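All Cβ positions, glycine included, derive from the backbone under ideal geometry; neighbour counts span all protein chains shown. Each value in this text was obtained by applying a stated rule to the coordinates, not by laboratory testing.
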Amino acid sequence: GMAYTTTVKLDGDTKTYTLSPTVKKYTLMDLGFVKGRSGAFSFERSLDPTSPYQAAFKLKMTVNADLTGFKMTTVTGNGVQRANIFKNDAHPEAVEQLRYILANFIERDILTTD
Ligand SMILES: [Cl-]
């Protein structure tokens, strides 16, 4: 199917992220991804909380078990509702934190961008 992709553009973003064609299981693990029983790898981080477990947003990413496609989204602190952290630059602290997190993935051959 088409739900896992090789590129993702977060809601509102001007950048697109691409899954590295050379992404490695052990590197995913080293960056904090957890492999589920299905073989897929997941990662989640809170963004810009006001108090413990009161995040403004969360970043979620899953890589498929075959290591050839991914999903990545921003949601609100409830972990479900789609969020747009970029529109009108209304959430700069969340964007800085997101970029910091993803910069590590760029440096370790997980994601690229244009
Ligand atoms: Cl499909």
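Structural remarks
- Filter result for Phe70 (aromatic (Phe, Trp, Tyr), within 16 Å of the ligand (Cβ to nearest atom) and either surrounded by 18 or more Cβ atoms within 10 Å (Cβ to Cβ) or closer than 16 Å to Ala94 by Cβ (or both)): yes
- Top-ranked residue in the range 26-45 [being among the aliphatic types (A, V, I, L, M) and free of Cβ contacts under 8 Å to residues at least 24 places away in the same chain; ranked as nearest to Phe105 (Cα to Cα)]: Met29
- Applying a threshold of 8 Å to beta carbon distances and a minimum spacing of six or more residues, or different chains, the list of pairs starting in the range 1-25 at a residue that is under 28 Å from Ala90 (Cβ atoms) and ending at one that is more than 16 Å from the ligand (Cβ to nearest atom) and small (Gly, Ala, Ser) reads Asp11/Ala83.
- Taking the range 56-98 as the range and being assigned to a helix (DSSP H, G or I) and more than 10 Å from the chain's Cα centre (by Cα) as the test, the residues that pass are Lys87, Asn88, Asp89, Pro92, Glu93, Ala94, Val95, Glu96, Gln97.
- Answer residue from the range 1-48, given it is within 16 Å of the ligand (Cβ to nearest atom) and small (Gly, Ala, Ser) and is farthest from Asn64 (Cα to Cα) among those: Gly1
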